[PDB]
Every structure is written in structure tokens, then in C-alpha cells.
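Trainee: Sharing a structure here in C-alpha cells format.
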Amino acid sequence: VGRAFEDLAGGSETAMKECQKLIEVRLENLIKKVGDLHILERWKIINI
């Protein structure tokens with residue numbers, strides 16, 4: 001968000017809607033990565 005403050009969303013040379021889309025693709029990858037053997041805590045993904 002500091003870098004966004006440097007960008008044209010605040011100052012110059014870039015619009016952060018594409019970075020919003022990037023983190024949406026990250027959220028989509030989290031919904032794609034989807035308590036198996038020797039593991040629980042999948043809800044750590046829920047917290048993140």
C-alpha cells in the first residue's frame with residue numbers, strides 16, 4: 001500500500017486495480033489449493 005501511495009492511484013505512473021486483481025488471483029489460488037493425513041489447521045488458510 002506504500003508503493004500504491006507512490007503510484008498514480010496516489011501520485012504517478014500506475015493504477016492499483018491491477019494489483020487488486022493480482023491479489024484476487026492469489027485468493028483464487030487459495031480457494032484452489034483446496035485436515036488430511038498428519039495435518040489439521042486448514043483453517044489457518046481460513047484466517048489468512
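In the C-alpha cells, chains take letters A, B, ... by order of appearance, with residues numbered from 1 within each chain and ligands from 1 in the order shown.
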Could you list, as a compact mmCIF listing (two decimals) with N, CA and C atoms, in the first residue's frame, every residue within 12 Å of residue 15 of chain A, counting only C-alpha atoms and ignoring same-chain residues fewer than 4 positions away?
Mentor:
# COMPACT_ATOMS: atom_id res chain seq x y z
N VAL A 1 0.83 -1.20 0.00
CA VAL A 1 0.00 0.00 0.00
C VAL A 1 0.87 1.25 0.00
N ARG A 3 3.73 1.41 -1.72
CA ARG A 3 4.05 1.51 -3.14
C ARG A 3 2.86 2.05 -3.93
N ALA A 4 1.65 1.61 -3.58
CA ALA A 4 0.45 2.17 -4.21
C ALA A 4 0.35 3.67 -3.97
N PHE A 5 0.69 4.11 -2.75
CA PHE A 5 0.75 5.54 -2.46
C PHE A 5 1.78 6.24 -3.33
N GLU A 6 2.84 5.54 -3.72
CA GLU A 6 3.76 6.12 -4.69
C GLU A 6 3.18 6.12 -6.11
N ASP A 7 2.28 5.19 -6.43
CA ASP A 7 1.74 5.07 -7.78
C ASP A 7 0.64 6.10 -8.05
N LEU A 8 0.14 6.09 -9.30
CA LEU A 8 -0.81 7.09 -9.77
C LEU A 8 -2.16 6.97 -9.08
N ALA A 9 -2.47 5.81 -8.50
CA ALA A 9 -3.58 5.76 -7.56
C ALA A 9 -3.47 6.87 -6.53
N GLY A 10 -2.24 7.25 -6.17
CA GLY A 10 -1.99 8.41 -5.34
C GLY A 10 -1.13 9.46 -6.04
N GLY A 11 0.04 9.08 -6.58
CA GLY A 11 1.00 10.07 -7.08
C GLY A 11 1.23 10.00 -8.59
N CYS A 19 -3.25 -4.53 -9.35
CA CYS A 19 -2.69 -5.21 -8.18
C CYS A 19 -3.79 -5.83 -7.33
N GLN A 20 -4.94 -5.16 -7.27
CA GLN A 20 -6.13 -5.75 -6.66
C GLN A 20 -6.51 -7.05 -7.36
N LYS A 21 -6.45 -7.06 -8.69
CA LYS A 21 -6.71 -8.29 -9.43
C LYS A 21 -5.64 -9.34 -9.15
Trainee: Using only C-alpha atoms, determine which residues lie at most 10 Å from segment 27-30 of chain A, disregarding the query and same-chain residues fewer than 6 positions distant; provide the list as a ChimeraX atom specification.
Mentor: /A:21,45-46,48
Trainee: Interatomic distance between atom CA of residue 34 of chain A and atom CA of residue 18 of chain A?
Mentor: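 It comes out at 24.8 Å.
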